[PDB]
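Working notes, structure below.
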Amino acid sequence: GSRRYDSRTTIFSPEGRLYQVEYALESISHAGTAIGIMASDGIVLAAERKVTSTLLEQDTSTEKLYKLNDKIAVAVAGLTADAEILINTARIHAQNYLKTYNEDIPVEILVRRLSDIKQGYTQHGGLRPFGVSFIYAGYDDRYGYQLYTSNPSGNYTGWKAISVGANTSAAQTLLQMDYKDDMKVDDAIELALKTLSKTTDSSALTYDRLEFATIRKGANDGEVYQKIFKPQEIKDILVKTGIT
Amino acid sequence: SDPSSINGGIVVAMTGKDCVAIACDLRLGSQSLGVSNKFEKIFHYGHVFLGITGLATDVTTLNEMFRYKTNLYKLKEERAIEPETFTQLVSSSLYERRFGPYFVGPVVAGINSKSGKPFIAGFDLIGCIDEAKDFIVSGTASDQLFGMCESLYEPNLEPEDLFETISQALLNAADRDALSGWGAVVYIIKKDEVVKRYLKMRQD
Amino acid sequence: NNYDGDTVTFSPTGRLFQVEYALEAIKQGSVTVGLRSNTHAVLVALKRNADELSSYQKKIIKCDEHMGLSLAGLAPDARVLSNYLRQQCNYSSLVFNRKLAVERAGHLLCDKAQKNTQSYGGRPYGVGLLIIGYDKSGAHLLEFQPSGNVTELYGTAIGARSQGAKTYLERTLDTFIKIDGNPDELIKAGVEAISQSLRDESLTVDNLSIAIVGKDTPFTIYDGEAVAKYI
Amino acid sequence: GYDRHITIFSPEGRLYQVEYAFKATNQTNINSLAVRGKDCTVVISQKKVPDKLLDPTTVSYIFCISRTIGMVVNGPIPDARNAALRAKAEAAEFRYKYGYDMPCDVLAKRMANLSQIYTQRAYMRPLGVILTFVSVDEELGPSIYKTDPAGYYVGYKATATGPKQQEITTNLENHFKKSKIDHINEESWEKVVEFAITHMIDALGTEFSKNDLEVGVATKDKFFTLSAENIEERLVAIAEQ
Amino acid sequence: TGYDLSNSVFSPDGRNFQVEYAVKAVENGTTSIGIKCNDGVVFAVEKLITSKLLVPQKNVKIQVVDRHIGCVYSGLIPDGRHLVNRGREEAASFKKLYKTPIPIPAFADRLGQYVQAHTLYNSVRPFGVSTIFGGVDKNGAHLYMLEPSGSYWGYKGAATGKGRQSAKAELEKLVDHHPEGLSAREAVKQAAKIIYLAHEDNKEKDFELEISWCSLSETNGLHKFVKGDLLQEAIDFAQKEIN
Amino acid sequence: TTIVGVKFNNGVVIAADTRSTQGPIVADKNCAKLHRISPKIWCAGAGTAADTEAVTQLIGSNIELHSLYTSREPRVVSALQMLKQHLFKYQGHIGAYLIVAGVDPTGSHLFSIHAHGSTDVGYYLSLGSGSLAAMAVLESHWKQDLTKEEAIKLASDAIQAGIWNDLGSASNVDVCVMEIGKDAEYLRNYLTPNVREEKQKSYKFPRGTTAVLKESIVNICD
Amino acid sequence: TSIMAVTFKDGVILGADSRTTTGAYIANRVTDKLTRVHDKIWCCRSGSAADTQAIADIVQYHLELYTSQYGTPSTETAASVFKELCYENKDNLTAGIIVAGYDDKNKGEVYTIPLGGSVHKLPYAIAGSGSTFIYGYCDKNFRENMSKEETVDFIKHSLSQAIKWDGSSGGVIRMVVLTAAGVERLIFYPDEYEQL
Amino acid sequence: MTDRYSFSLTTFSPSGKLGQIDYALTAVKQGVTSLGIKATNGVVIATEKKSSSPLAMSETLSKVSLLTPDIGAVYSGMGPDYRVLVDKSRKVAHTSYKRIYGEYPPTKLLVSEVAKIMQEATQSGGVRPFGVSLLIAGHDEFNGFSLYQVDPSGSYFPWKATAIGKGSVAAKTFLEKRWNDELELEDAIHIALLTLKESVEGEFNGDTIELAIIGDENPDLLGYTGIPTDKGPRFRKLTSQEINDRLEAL
Ligand SMILES: *[B]([O])([O])[C]([C][C]([C])[C])[N]C(=O)[C]([C]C1=[C][C]=[C][C]=[C]1)[N]C(=O)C1=[C]N=[C][C]=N1
Ligand SMILES: *[B]([O])([O])[C]([C][C]([C])[C])[N]C(=O)[C]([C]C1=[C][C]=[C][C]=[C]1)[N]C(=O)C1=[C]N=[C][C]=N1
Ligand SMILES: [Cl-]
Ligand SMILES: [Cl-]
Ligand SMILES: [Mg+2]
Ligand SMILES: [Mg+2]
Ligand SMILES: [Mg+2]
Ligand SMILES: [Mg+2]
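From first to last, the protein sequence lines stand for chains B, I, E, G, F, H, N and A. Each residue of the first sequence is one higher than the one before, starting from 1 at the first, in PDB author numbering. Each residue of the second sequence is one higher than the one before, starting from 1 at the first, in PDB author numbering. Each residue of the third sequence is one higher than the one before, starting from 3 at the first, in PDB author numbering. Each residue of the fourth sequence is one higher than the one before, starting from 2 at the first, in PDB author numbering. Each residue of the fifth sequence is one higher than the one before, starting from 2 at the first, in PDB author numbering. Each residue of the sixth sequence is one higher than the one before, starting from 1 at the first, in PDB author numbering. Each residue of the seventh sequence is one higher than the one before, starting from 1 at the first, in PDB author numbering. Each residue of the eighth sequence is one higher than the one before, starting from 1 at the first, in PDB author numbering.
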């Protein structure tokens with residue numbers, strides 16, 4: 001019967017590893033690097049688009065940074081199509097929570113939900129897992145600014161600074177070296193771009209190969225503003241920090 | 001017994017020159033018993049305003065529903081919803097409950113951000129769109145509101161004149177209805193400024 | 003070989019190996035004998051024990067007042083099939099006020115076993131059954147194989163060393179068919195038939211199991227000191 | 002190498018089960034031909050009754066799908082009849098739902114979509130048949146639309162299917178290169194059938210008796226198959242000129 | 002290779018090896034035939050007497066569908082029964098909706114589509130039987146034969162099982178020597194002969210002859226088993242011809 | 001509501017009034033009761049307003065998809081069949097009473113559909129509360145072999161009969177003309193009462209007339 | 001409604017009035033209650049117009065699919081499909097149908113299917129609200145093996161009286177003739193049949 | 001029966017590759033060249049009508065398809081997969097948008113819905129990915145003109161201009177030299193015809209080339225008059241004659 005052709009996506013190896021999760025992580029390691037850095041007065045999201053073209057319409061393009069609600073955003077590393085499935089689900093969960101409690105969803109709760117969905121694909125159903133790793137950047141009135149990451153296993157962790165995708169080993173060492181607790185957004189912006197500039201496989205880091213975003217309380221009085229940087233704005237911050 | 005007249009209340013909307021106005025009373029009751037004088041019936045999603053009369057639980061539910069939907073719309077479309085589009089969304093959403101409807105009388109009001117054209121629309125409890133040029137009425141004193149609006153209203157009123165006309169339409173209509181009143185609110189809406197005024201009225 | 007992984011696969015010579023392996027489970031099972039005359043039908047079964055402390059596995063199951071069977075192979079599968087027969091016999095009585103014909107009972111068993119041989123996921127039944135009964139057309143004896151093949155016979159035997167009892171019945175055919183109106187002599191012939199399949203062990207009081215049905219005899223099972231008469 | 006057993010992509014981007022279904026198409030060793038007249042569409046097919054014990058009247062690969070649509074099949078008869086029964090059901094349902102007779106091209110597309118599904122879904126195998134639908138459509142006029150196991154379909158001026166399709170195809174191609182029109186310029190369907198048979202004889206290089214052929218004709222508001230005697234009359238006319 | 006391990010898989014030839022392996026089960030079975038006569042059909046089958054313990058005339062192989070169709074098959078007997086059970090459901094639902102008893106060509110396709118369906122998936126096995134069947138309807142007599150692939154045609158005479166080549170040769174003679182046709186009573190006699198002649202392929206064990214027939218004149222277009230004197234008359238005719 | 005349909009020699013014309021009512025109250029004085037199903041197939045609707053709008057758009061949507069699937073111009077019998085089978089399904093609970101008309105490759109057609117799913121054919125038809133006034137006019141002035149100009153007049157005269165004599169009909173006349181070979185012409189307000197009374201007095205108020213308690217600016221921006 | 005179907009020597013003729021009513025208002029005065037489910041199998045419809053249309057449409061679909069598989073169906077088969085729908089859905093339907101058809105083997109046949117879903121094969125049948133008034137006339141005047149002209153007169157006279165007395169019946173008298181020759185439609189206007 | 005393939009047929013290999021998606025892309029590579037170019041006042045999509053036989057009527061086979069009145073689509077790869085995607089794309093534009101908002105979806109969101117369908121064929125049980133890459137050109141009020149590519153994975157990218165299929169590598173290089181942000185629609189059509197000639201072997205004319213545009217509203221193609229706000233479809237398929245006229249000025 002059909003059993004003959006079943007890959008058995010949800011099994012343990014003799015060593016106690018989930019094959020498909022491990023291979024999905026290997027897929028993600030070839031994806032464009034994405035970096036998240038949390039500061040006392042905001043969060044930075046930086047990410048590298050993969051070997052682009054001059055004919056790509058960048059200003060209408062989105063492959064790395066997505067908005068979940070007004071307070072929470074994500075940086076993607078892996079299969080973009082897989083990520084959009086999960087992103088739409090996350091967007092709906094946030095709206096469900098808002099409708100039920102009349103309050104914006106706490107960042108961790110949203111992250112846990114998505115991470116639980118990923119987990120399900122590793123334990124039951126016989127389907128391949130989502131080849132996606134997220135960096136969640138968000139704010140709520142309980143914990144303030146938060147950074148999380150989730151991977152195909154459905155495991156999530158909180159961070160002060162973190163990278164996903166390609167060259168994470170190199171990137172994480174560089175972040176661990178220059179990161180400090182009393183750091184600010186403008187400093188974090190610089191750290192993020194400097195790290196990408198060193199870990200990139202490209203010859204040089206340019207505006208057309210980047211997606212950039214910030215979550216700031218730099219919004220008029222006690223409230224939070226998301227800023228998805230435009231191509232021209234990424235070009236300006238690259239000059240400001242002294243990379244181009 | 002009649003769900004549309006347990007809680008009571010009214011909403012009215014009017015067009016003016018490069019402006020729209022939408023107003024509502026503040027009463028919520030349990031038939032004869034007045035319960036709340038702070039129950040506002042007008043909500044807004046971006047620059048689109050929605051007034052809802054009828055059964056209060058559904059008023060609340062639909063607000064939460066249209067907030068839900070307009071929020072997702074914005075995330076995907078990367079722009080705020082327009083009055084014409086929202087009107088179609090309200091109609092769609094109501095008609096999907098054709099044989100188990102929300103007992104409400106919605107009213108949409110706003111200005112199209114691109115064309116600048118003023119827009120109002122009314123609905124029955126199941127989705128039928130009444131897209132009037134002049135005015136829209138809804139609630140337990142809709143008959144009274146029709147009479148007031150039909151006599152008081154004239155086209156191309158300026159924002160501060162329109163305020164007087166709609167306020168007097170609401171106030172005098174509410175004063176002939178036992179289940180309406182207990183306060184009132186009027187929204188004056190222009191392309192990039194909105195003023196909200198609470199009216200002084202008789203509290204019986 | 004490569005075509006015995008499931009029941010849904012023919013071999014290159016047109017064989018169904020899973021069915022044949024299920025057939026093999028019957029050959030490992032303890033011997034049981036069936037035979038009839040024109041008035042009575044008799045089952046004789048050699049029960050098997052695990053050891054000296056254990057009981058002797060029951061081989062005969064009653065299906066109705068006028069019908070029952072003996073088993074050889076997987077006992078739980080016999081329980082499933084006998085339960086099905088009980089229901090079909092019972093449906094016939096309740097709905098039609100009619101005792102189920104032994105031939106029709108065989109047809110129902112054939113069709114139930116067949117579905118398990120053509121579908122993926124399932125498995126063939128791992129048991130052989132000998133059904134006896136007395137209906138409106140007299141005494142009957144059926145042999146059920148889990149391939150689906152059901153066969154009406156004068157006498158037969160299934161299980162380990164069953165060929166000895168089957169040859170004996172093939173010789174005695176003209177004698178035991180004529181044993182009409184004499185239950186004890188028909189059982190004697192059955193006890194003598196099953197004896198041809200014995201080696202090393204002999205028929206003891208808790209070893210032997212006998213059943214009978216006939217003209218004015220409801221299906222009744224004899225065990226223990228009730229079969230000492232025939233040892 | 003299980004990419005050759007079910008309908009999934011091989012490393013070359015190929016679907017081997019679809020390709021092998023195309024090969025099953027020629028298992029019957031029968032050649033079919035379809036041409037269009039002014040008022041009609043004619044389809045002819047070789048009829049081979051190798052066994053004397055067969056009832057030759059029941060040996061057919063031409064099917065009357067609806068009153069207006071006819072279908073000839075190139076492939077094994079079980080898959081042929083599977084396709085026929087479905088096409089009949091689809092044509093009847095279409096008329097009930099939408100209030101008018103299902104067009105030939107629309108039915109072809111529908112059957113082509115069903116075939117496409119078998120090339121994408123693993124549990125369903127492709128049918129090893131090529132379906133040639135013919136009619137005189139009330140909008141498009143004389144119509145020939147052909148479907149294959151890949152889920153591909155297209156309209157035709159004329160077409161041929163079978164082991165020796167290429168010889169027939171080139172023969173037809175050469176004729177339409179001369180006439181420079183998309184059809185057989187002939188009033189009566191009888192003469193269009195004569196043309197169809199004549200050009201099959203020329204292409205294959207074989208003579209035909211009345212029992213060697215099978216003919217289907219589509220006119221306005223009906224499709225019908227010719228009897229052996231109707232074909233005999235057709236063969237007599239061909240021989241007499 | 003590996004194309005023959007799963008049903009519904011096309012080999013590089015374009016063949017379904019599992020269906021071809023089912024045919025081997027059919028070829029292994031006993032001989033069964035069908036003869037189309039002037040106003041009806043005659044079915045006959047070889048029943049191998051494995052042992053003396055088999056009760057004569059009890060293990061009936063030929064099956065009736067509705068009241069006007071006879072079915073006989075060679076190969077895996079349970080598979081044939083399953084197919085007939087389906088046929089009976091198909092005939093019942095046809096009569097339920099359309100009132101008239103199911104025509105034989107209509108009935109043939111019902112079996113054909115069902116058997117063909119069992120070559121479409123790897124979750125089912127093809128049928129291990131070739132079924133010869135037919136009867137009398139409003140348009141007269143019809144005889145069919147249906148293979149594991151789902152393939153079926155109308156026949157003047159049909160044969161399947163281990164002695165099919167022998168039988169076929171005999172059927173071909175009758176077709177040649179009787180172009181005007183064969184009577185129902187003649188067909189019964191000939192059917193008996195052909196089974197006896199086809200028994201040379203299964204000559205180790207002796208056998209039991211079973212015949213049935215539908216005929217407009219002889220049985221009022223209903224399926225009936227050939228019994229008693231008429232059966233013995235056919236057996237005598239058959240025994241005379243082999244000697 | 002007064003809706004009509006009239007066939008003429010090379011096409012078909014549809015017409016309707018423009019009043020909508022809740023009991024004795026007038027809800028809309030200019031309701032558009034003419035709907036587009038496909039470019040050259042329009043239907044007029046009476047009964048429950050939401051039901052006529054919804055069932056007309058649903059079938060209009062399916063007709064568009066069908067047209068794309070079949071690569072053909074949609075037919076009127078297709079709309080007719082899809083509509084009736086839907087209305088029948090809901091045993092009259094969808095209160096849509098329609099007059100369906102249009103031109104297609106088969107010619108020009110005129111039909112009516114009742115809420116329970118029954119369809120009729122005719123050269124002239126009318127539905128609604130003013131249907132009896134209109135049909136009296138149609139039964140008095142209809143003849144066969146009408147011109148486009150005669151048919152429009154007959155249709156709008158029939159709609160007027162309802163406007164004046166039926167309380168559930170009022171205001172303006174809408175028309176749509178579907179001719180063979182031509183584009184359909186939708187004539188919104190083909191007829192309106194001219195002039196109309198100016199009110200005796202303007203009720204524009206002195207500014208400051210209304211007593212206010214509080215004021216505030218509303219934040220609509222992000 | 002006044003409908004009837006009558007067998008005669010050459011085949012069968014169906015007849016019907018053309019009035020559809022909503023209470024006392026005549027919603028349609030030129031209705032065609034003679035509908036075609038197959039080339040030479042037609043029916044007469046009485047009761048709910050929506051129900052009888054829905055049924056007839058389904059039957060036409062079943063016989064179209066029957067024809068594609070098994071060839072031309074009998075009139076008896078058509079009546080059975082009508083019956084199956086009317087009987088199984090008897091709680092939710094209000095349909096009184098007369099089925100009439102022409103075979104070459106069986107010739108003209110008439111089946112009536114009243115409210116319950118029962119079937120009755122008859123030489124002729126009458127149904128609809130207006131049928132009540134012509135039971136006496138039709139019983140007295142019907143003969144078997146009438147000519148075409150005699151049968152047309154019989155139906156014309158019968159429905160004339162049914163129309164005269166029943167307010168639910170009226171308009172024109174439609175007729176459909178089913179024979180080996182083909183299918184012929186007839187119509188008779190008030191000025192003709194009222195003076196009978 | 002029952003679909004017993006409830007498990008994924010596309011899975012991650014040890015290297016992190018999704019084999020079936022890669023192989024689907026290989027099938028797209030073999031497919032006939034199609035391209036898209038975006039101008040300031042329009043978009044053009046074009047491809048070669050590779051006729052399988054000269055007896056076949058290639059007009060009946062439409063490689064360029066209308067999805068909505070303002071959105072069109074072209075492909076490279078497996079035609080039958082494209083055909084069913086167009087059917088689903090047309091339907092989803094109604095069910096998941098028009099029946100809710102009373103208007104046609106903007107290009108990006110329809111593309112998103114198509115992408116979603118293709119992604120699901122890459123993860124759902126018992127199916128292979130679609131063996132096509134789509135180029136979807138369209139217009140809407142708030143986003144203006146746009147051109148999107150959609151791959152077997154479900155990934156989609158917006159382009160100023162691009163090509164897919166057989167000679168895409170060469171064609172994309174050709175487009176990079178010619179494209180600028182000041183192109184008018186007629187200039188884009190001219191460049192499209194130039195680019196497409198390089199990948200075509202045999203006949204190069206209006207009968208062997210399929211070309212459509214998203215441009216100005218066509219009130220002549222609307223079918224009715226009387227509603228000012230309805231101005232007609234922006235999608236228009238160029239005729240065989242219209243193409244040949246521009247091939248003389250080539
Ligand atoms: B006409 O009278 O048929 C007209 C048809 C058109 C408006 C669709 N119908 C109505 O105006 C109906 C009358 C009605 C009242 C109450 C229940 C059902 C029908 N009016 C409405 O449907 C309606 C319209 N707007 C708001 C509320 N109700
Ligand atoms: B006849 O009167 O039975 C007639 C036959 C029908 C097929 C047109 N029925 C009707 O006219 C019925 C009402 C009726 C009258 C007498 C007996 C039973 C039923 N009318 C409708 O079904 C109808 C009426 N108006 C609109 C739509 N449908
Ligand atoms: Cl489809
Ligand atoms: Cl009617
Ligand atoms: Mg009050
Ligand atoms: Mg008070
Ligand atoms: Mg497959
Ligand atoms: Mg009368």
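Ideal placement from N, C-alpha and C gives every residue a C-beta, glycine not left out.
Can you list, in chain order, the residues of its chain whose CB lies under 8 Å from that of residue i, leaving out five sequence neighbours each side?
| i | result |
| --- | --- |
| residue 162(E) | 29, 30, 31, 32, 33 and 199 |
Check whether the Cβ of residue i lies closer than 7 Å to any heavy atom of ligand 5, and answer yes or no.
| i | result |
| --- | --- |
| residue 180(I) | yes |
| residue 56(I) | no |
Does any heavy atom of ligand 4 sit closer than 7 Å to the C-beta of residue i?
| i | result |
| --- | --- |
| residue 165(G) | no |
Spatial neighbours of residue i within its chain, please: C-beta separation below 7 Å, excluding the five flanking residues on both sides.
| i | result |
| --- | --- |
| residue 198(B) | 174 |
| residue 239(G) | 195, 198 and 199 |
In chain A, what lies closer than 8 Å to residue i by C-beta?
| i | result |
| --- | --- |
| residue 30(B) | 16 |
Looking at residue i and ligand 6, is the gap between the Cβ and the nearest heavy atom below 7 Å?
| i | result |
| --- | --- |
| residue 124(I) | no |
Can you have a look at residue i and say buried or exposed, based on whether 16 or more other CB atoms are within 10 angstroms of its CB?
| i | result |
| --- | --- |
| residue 142(B) | exposed |
| residue 96(E) | exposed |
| residue 181(B) | exposed |
Cβ of residue i within 7 Å of any heavy atom in ligand 2?
| i | result |
| --- | --- |
| residue 33(N) | yes |
Do residue i and ligand 7 come close, with the Cβ less than 7 Å from some heavy atom?
| i | result |
| --- | --- |
| residue 125(G) | yes |
When every heavy atom of ligand 3 is checked, does at least one fall within less than 7 Å of the C-beta of residue i?
| i | result |
| --- | --- |
| residue 10(H) | no |
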